[PDB]
Amino acid sequence: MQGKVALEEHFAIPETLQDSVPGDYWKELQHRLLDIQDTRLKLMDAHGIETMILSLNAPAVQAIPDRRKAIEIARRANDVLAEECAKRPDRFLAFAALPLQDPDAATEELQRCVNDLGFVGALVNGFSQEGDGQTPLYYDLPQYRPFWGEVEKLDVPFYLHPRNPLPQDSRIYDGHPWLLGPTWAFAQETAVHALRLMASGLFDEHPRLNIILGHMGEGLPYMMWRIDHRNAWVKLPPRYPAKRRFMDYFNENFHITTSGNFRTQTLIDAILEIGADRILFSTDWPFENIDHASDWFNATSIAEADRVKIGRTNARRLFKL
Amino acid sequence: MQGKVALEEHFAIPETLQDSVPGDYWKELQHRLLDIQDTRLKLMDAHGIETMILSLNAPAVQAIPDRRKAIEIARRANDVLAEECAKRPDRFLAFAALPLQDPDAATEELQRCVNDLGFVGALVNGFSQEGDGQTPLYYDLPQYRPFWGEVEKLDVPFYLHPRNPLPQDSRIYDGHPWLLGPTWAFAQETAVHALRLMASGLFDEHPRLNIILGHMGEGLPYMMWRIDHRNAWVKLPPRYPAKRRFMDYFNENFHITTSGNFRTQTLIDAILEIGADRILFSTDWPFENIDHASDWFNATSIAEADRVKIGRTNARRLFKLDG
Amino acid sequence: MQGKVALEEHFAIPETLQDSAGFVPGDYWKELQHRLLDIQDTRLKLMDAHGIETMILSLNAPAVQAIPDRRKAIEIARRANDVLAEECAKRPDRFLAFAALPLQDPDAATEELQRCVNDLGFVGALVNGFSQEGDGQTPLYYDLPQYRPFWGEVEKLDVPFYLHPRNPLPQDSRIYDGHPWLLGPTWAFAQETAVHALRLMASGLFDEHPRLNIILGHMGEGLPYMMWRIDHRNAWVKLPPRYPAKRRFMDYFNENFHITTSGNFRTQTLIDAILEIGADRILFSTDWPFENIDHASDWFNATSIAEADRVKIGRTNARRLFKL
Amino acid sequence: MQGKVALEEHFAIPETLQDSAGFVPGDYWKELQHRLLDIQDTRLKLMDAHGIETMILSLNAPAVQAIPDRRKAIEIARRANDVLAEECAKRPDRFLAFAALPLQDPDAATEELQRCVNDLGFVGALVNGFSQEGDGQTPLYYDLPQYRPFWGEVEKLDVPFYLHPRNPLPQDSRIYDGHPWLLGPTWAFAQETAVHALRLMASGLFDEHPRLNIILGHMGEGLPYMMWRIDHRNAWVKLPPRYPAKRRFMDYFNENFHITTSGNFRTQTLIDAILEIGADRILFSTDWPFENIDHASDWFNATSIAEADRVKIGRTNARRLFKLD
Ligand SMILES: O=Cc1cccc(O)c1O
Ligand SMILES: O=Cc1cccc(O)c1O
Ligand SMILES: O=Cc1cccc(O)c1O
Ligand SMILES: O=Cc1cccc(O)c1O
Ligand SMILES: [Zn+2]
Ligand SMILES: [Zn+2]
Ligand SMILES: [Zn+2]
Ligand SMILES: [Zn+2]
């Protein structure tokens with residue numbers, strides 16, 4: 001398939017490069033993160049990707065406790081991104097990096113990126129760290145409501161990307177560093193953060209919000225029925241502040257991408273749960289090979305009509321292209 | 001479908017009853033947990049369930065930090081269960097409750113239950129608490145290897161059931177108590193515990209072990225490909241003790257049940273990932289209605305041959321009920 | 001689900017009533033007759049009880065396609081269409097109509113379609129397979145040259161054509177000899193309709209008139225499950241197909257066809273279709289009065305698909321297709 | 001996957017070679033002929049390169065079923081079976097055989113089946129649909145009374161019967177008039193075979209001989225997708241069906257049939273079949289030489305199913321069905 005849109009495609013600036021085993025692989029990953037116009041573009045040309053919506057790596061800004069420095073790095077990463085996109089505006093779009101450890105500063109930067117730089121959304125790596133940085137700050141908290149109000153006003157999607165939990169909140173993984181990151185920790189951290197947003201009632205207040213999750217929803221589709229329907233015989237209204245069910249917000253305010261989850265069975269389950277209209281192609285480059293993602297997607301077992309939607313038209317619609 | 005086997009069916013004793021919002025619902029749940037020969041049996045007769053493998057509620061024994069006490073409560077719960085099964089051996093089988101905060105004591109109690117009481121397996125509610133009870137004790141730790149060797153020797157399945165994480169390990173849920181329990185916390189806690197067992201190399205050392213997970217695998221099937229294949233371009237070997245991939249152990253040493261997850265889409269995904277031969281019917285009664293579980297399973301969109309396997313023969317084979 | 005649209009919903013006029021007699025046991029004939037003649041009473045109450053807002057009505061089968069005499073065929077078609085228009089007018093907020101066509105006379109059929117669409121406001125046509133004409137011993141398929149002008153008009157008017165089943169003629173039914181239970185909805189209906197559809201595709205009809213919209217009931221008469229094989233059998237042979245059409249069967253099926261759930265309330269079948277043609281091209285339908293409305297609705301309300309797709313298949317796909 | 005078993009793999013003898021001429025363009029005819037006559041060379045090299053350990057061979061189509069003279073049919077069937085036995089003997093660790101049968105003569109077919117199984121060690125029979133006999137203008141279906149003794153012997157021998165396709169006779173093909181491209185594997189093969197299978201079911205054959213094992217290629221010739229409708233159409237009519245069989249079509253399909261992946265390398269189709277008949281009754285097959293072995297193997301090795309089912313469908317279901325363990 002040609003003319004695809006990919007939207008979980010990362011890059012890094014020297015300041016965040018360290019955020020992502022010594023050897024040829026680490027050297028190659030560093031090159032990939034810093035490259036935009038060469039290797040990356042050539043692969044897009046060879047693997048039917050017309051549009052790549054770029055985003056800074058992780059955890060990046062979300063792991064900078066000093067709001068002062070966080071604001072600076074975010075602004076820097078965004079200006080570099082804007083400069084890179086301007087080189088091939090017909091191929092590159094951008095997601096803004098935000099210093100959410102400072103609500104007002106984050107709101108201001110999002111406005112600058114969207115209104116002045118033409119960015120089409122924001123991508124944030126989970127909870128923020130601030131001050132001593134020993135407390136995970138989730139976005140369902142009261143201090144972030146004004147920010148969400150602005151996101152809805154600008155009417156641009158918010159990509160909730162993964163990050164690892166803090167050491168003090170990772171005891172279940174002690175002795176098993178191999179379970180951290182994309183293996184599992186990433187999904188749990190992001191899925192729960194997403195559920196917190198839903199349970200908080202954020203989407204009752206701002207129903208036009210569009211949240212995007214990668215890695216096919218971080219496991220949510222498979223367990224969505226249970227999330228709401230567990231212990232169904234108990235006919236008492238849910239305790240959380242949200243007015244409706246988790247499935248309602250997931251089906252109405254979320255979209256998921258195929259980033260780093262090139263599995264047909266998983267895609268079929270998602271198609272039968274959230275629907276093909278809310279699934280988007282993405283790769284997670286440079287952490288995943290573009291050819292791996294594209295070759296899988298080009299042949300996965302779905303209707304050609306849905307391959308066109310998931311690979312291109314869903315995204316073009318969502319981002320008003 | 002008639003002749004079904006269900007194996008995540010709970011009961012409680014006064015001592016553990018509390019582990020399980022005042023009103024008519026709480027009163028009903030208590031009655032259900034304490035009943036075995038009446039209401040429960042009537043529902044089994046009305047909803048085609050021939051065999052019910054019973055197990056104590058949660059967290060129960062796993063939440064008793066004092067070794068001696070945990071050993072006492074487990075032994076008591078097992079003796080009670082043994083007596084209840086003896087009244088209708090043609091309908092009730094039993095899973096052992098184990099005081100794993102004391103490895104040696106747990107091994108002996110399992111032997112006692114299997115060899116002297118005829119129990120067909122063990123059901124444990126995740127990690128154990130011991131001493132000050134501030135440290136979650138996972139079963140991939142070295143001190144539990146002798147235990148697993150015995151489980152394999154006795155050749156009976158181990159049902160790894162959920163429990164909530166300790167408060168100090170649940171900050172991600174702070175302010176959202178509704179996310180604890182069956183809504184989500186139960187699955188995360190159990191899925192990871194399962195992965196720890198796998199990564200530890202436990203199944204290389206004891207390949208004949210049979211582990212059972214409820215709630216359709218606690219989310220594992222959907223993300224299994226990613227667990228091993230994420231960042232595939234990096235051809236460097238994983239550094240965990242296990243010699244093979246997570247999918248190998250999941251596919252060869254695990255079985256999942258339909259407890260509290262009556263969703264056809266989820267079942268189809270599981271069938272295309274682990275296969276119908278490793279999926280078992282279960283309800284999670286009394287936390288789930290038996291009619292809800294049975295009505296869903298009787299009509300879910302699978303081959304009739306697989307409805308028979310998942311509903312009955314897979315379990316008959318696993319627990320050696322045909323000889 | 002409420003507000004559903006159903007489009008394989010039949011009725012009969014006295015002149016075609018008997019065509020449905022040999023499709024149900026004699027003990028159920030009285031009831032089936034009542035159902036076929038009733039449009040404003042029981043039918044509407046069932047629609048209200050089972051969340052059906054719009055019902056696109058069509059004459060029963062084989063009806064007009066089984067009338068060998070052209071003059072007579074044209075007569076019955078016009079009468080059936082006039083009656084349908086009269087019934088729809090009594091409850092225009094709930095009923096729409098498909099035209100019955102005397103295709104044993106191409107020119108007459110083209111004229112009748114124009115009248116139904118332009119003057120009566122019909123939203124499409126429903127035809128029960130091949131036509132019989134003259135001695136009526138030869139099945140007339142619509143991929144034949146004489147029907148090209150007709151198809152050009154269908155595309156111009158831009159209304160869908162529902163290719164409904166009918167049984168093959170006796171001389172073309174030997175494979176079912178001794179097995180009358182295989183005729184009709186059990187199997188014969190599907191084979192007859194699936195092949196007719198393939199004939200249209202292979203003929204190049206859609207190369208000439210790419211904007212045509214054809215609708216098939218019973219989840220595509222079996223086509224989705226075998227579509228890959230239809231084009232890809234003997235793939236090692238790198239040579240172009242031998243038929244007139246310029247592209248593959250899957251291209252025309254994916255671009256010019258839509259399928260309905262009429263008389264095929266099977267979740268597995270729906271999942272396969274979703275993974276082959278996509279939810280955007282599947283429409284809810286019941287096949288009432290030959291199928292119970294509650295059977296169709298209860299199954300569809302709970303089938304294992306995304307709620308977003310339940311809304312599309314149950315309502316919005318049809319509202320988009322018929323420009324409602 | 002290595003160690004696969006494939007069971008819709010054809011060959012031909014000079015006497016039946018021309019039967020396959022009309023199913024491939026003139027340019028590919030030379031190649032198809034080579035493939036059909038080859039068993040020990042090219043075929044084996046492809047099996048070694050594409051993980052196929054066992055290939056159960058069968059004569060091409062329509063072959064014997066299109067020979068109306070009983071005597072000639074018996075002669076050709078016997079000759080084809082002797083050649084096949086000779087070929088299998090050259091490499092018995094890789095090749096097994098399905099018997100060709102002269103069913104235009106029930107008694108002769110029964111005797112030849114006995115000879116193939118008891119003396120030649122054949123593991124079943126493969127028949128290309130209905131038989132023609134005498135004037136050859138009437139399709140002879142196996143649900144007819146004269147074939148009951150034969151079926152009884154098939155059950156006694158306890159070997160599977162592969163009901164393979166063939167095209168209908170011209171007078172029974174008017175729906176395809178002007179569309180020769182719809183005959184054969186494109187569609188006609190499936191319709192012809194699906195209905196023949198339904199006739200067997202409806203006849204009550206499986207009530208009388210419940211241990212029979214019938215095999216269909218091309219993923220069931222379309223049956224799985226429409227099976228619900230076959231039994232449940234017009235469900236509101238609460239009256240038993242009119243056919244002689246005591247149960248439902250789905251019952252016989254689920255209990256007496258197995259389907260193969262021959263010439264139908266489509267994941268969506270396989271998923272539907274898994275959710276209808278179950279993985280325990282689906283078998284890998286290629287339809288070589290009409291289909292490329294690598295096409296079948298490459299697709300099957302990567303299709304979206306559980307690895308446990310890939311092993312069953314690719315090898316163990318067949319080994320269990322043909323008692324190879
Ligand atoms: O965004 C993906 C990603 C980020 C950091 C590390 C890693 O392994 C990843 O796959
Ligand atoms: O075992 C299931 C279970 C246990 C404790 C509480 C609960 O809600 C449950 O569903
Ligand atoms: O249109 C459907 C239909 C028509 C005639 C007969 C029958 O059984 C049917 O299901
Ligand atoms: O068996 C398959 C087959 C036989 C004859 C002809 C053909 O095209 C085929 O695909
Ligand atoms: Zn990423
Ligand atoms: Zn439980
Ligand atoms: Zn109809
Ligand atoms: Zn063949």
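Chain naming here is simple, since letters A, B, ... match the order of the sequence lines and numbering starts at 1 in each. Note that these values count all heavy atoms, side chains included, but never hydrogens, waters or copies made by symmetry.
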Fill in: Structural part of D:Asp143 lying under 4.5 Å from a heavy atom of chain C
side chain

Worksheet item: When rounded to the nearest 0.5 angstrom, what distance separates CG in D:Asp287 from CG in C:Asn234?
Response: 7.5 Å

Discussion item. Main chain of D:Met219, side chain of C:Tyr225: is a donor-acceptor contact present, judged purely on distance under 3.5 Å?
Written reply: yes

Practice prompt. Name the region of D:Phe265, side chain, backbone, both or neither, that has any atom closer than 4.5 Å to a heavy atom of chain C.
Written response: both

Discussion item. Quick check: D:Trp236 with C:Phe290 (ring centres under 6.0 Å apart)?
Written reply: no

Practice prompt. Select all residues of residues 295-302 of chain D having any heavy atom within less than 4.5 Å of some heavy atom of chain C, and report them by number, or 'none'.
Written response: D:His295

Discussion item. Taking the side chain as everything from C-beta on, heavy atoms only, tell me whether D:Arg266 gets closer than 4.5 Å to C:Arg229.
Written reply: no

Discussion item. Just so I understand: if I count every heavy-atom pair under 4.5 Å between each of C:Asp231, C:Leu275, C:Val237 and chain D, which residue has the most?
Written reply: C:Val237

Worksheet entry | Region of C:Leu182 in contact with chain D, defined by heavy-atom distances below 4.5 Å | side chain

Worksheet item: Ignoring hydrogens and geometry, is there a side-chain-to-backbone donor-acceptor pair from D:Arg199 to C:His179 under 3.5 Å?
Response: no

Worksheet item: Which residue out of C:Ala188, C:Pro180, C:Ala273, C:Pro224 racks up the most heavy-atom pairs below 4.5 Å with chain D?
Response: C:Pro224

Item to complete: Step by step, work out the side-chain contact (heavy atoms from CB on, under 4.5 Å) result for D:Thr269 and C:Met226.
Response: CA-CA 7 Å; D:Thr269 300; C:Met226 300 297 273; 5.5 Å; no

Worksheet item: Which atoms of C:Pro241 come close to chain D, meaning under 4.5 Å heavy atom to heavy atom: side chain ones, backbone ones, both, or neither?
Response: neither

Worksheet item: When only heavy atoms count and the cut-off is under 4.5 Å, which of residues 166-177 of chain C reach chain D?
Response: C:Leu169, C:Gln171, C:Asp172, C:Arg174, C:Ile175, C:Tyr176, C:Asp177

Practice prompt. Please work out whether the ring planes of D:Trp181 and C:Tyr243 are parallel, tilted or perpendicular, with thresholds of 30° and 60°.
Written response: perpendicular

Item to complete: Output, in order, the C-alpha distance, side-chain angles, deciding distance and verdict of salt bridge (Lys or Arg N to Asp or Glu O under 4.0 Å) for D:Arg233 and C:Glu291.
Response: CA-CA 7 Å; D:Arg233 73 294 182 285; C:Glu291 297 291 355; over 6 Å; no

Discussion item. Checking the side chain of C:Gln268 only, and the main-chain atoms of D:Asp272 only, is there a donor and an acceptor separated by less than 3.5 Å?
Written reply: no

Response to the item:
Counting heavy-atom pairs under 4.5 Å with chain D, the top scorer among C:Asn292, C:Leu223, C:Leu144 is C:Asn292

Discussion item. Please classify the contact between C:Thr138 and chain D as side chain, backbone, both or neither, with a heavy-atom cut-off of under 4.5 Å.
Written reply: both

Discussion item. Quick one about C:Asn264 and D:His232 (side-chain donor to acceptor, distance below 3.5 Å, no hydrogens or angles considered), yes or no?
Written reply: no

Discussion item. Does any backbone or side-chain atom of C:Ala190 lie under 4.5 Å from a heavy atom of chain D? Answer side chain, backbone, both or neither.
Written reply: side chain

Practice prompt. Could you walk me through whether D:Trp228 and C:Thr267 pass the side-chain contact (heavy atoms from CB on, under 4.5 Å) test, one step at a time?
Written response: CA-CA 10 Å; D:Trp228 179 89; C:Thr267 297; over 6 Å; no

Worksheet, complete the sentence: When the 4.5 angstrom heavy-atom criterion is applied to D:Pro185 and chain C, the contacting part is both

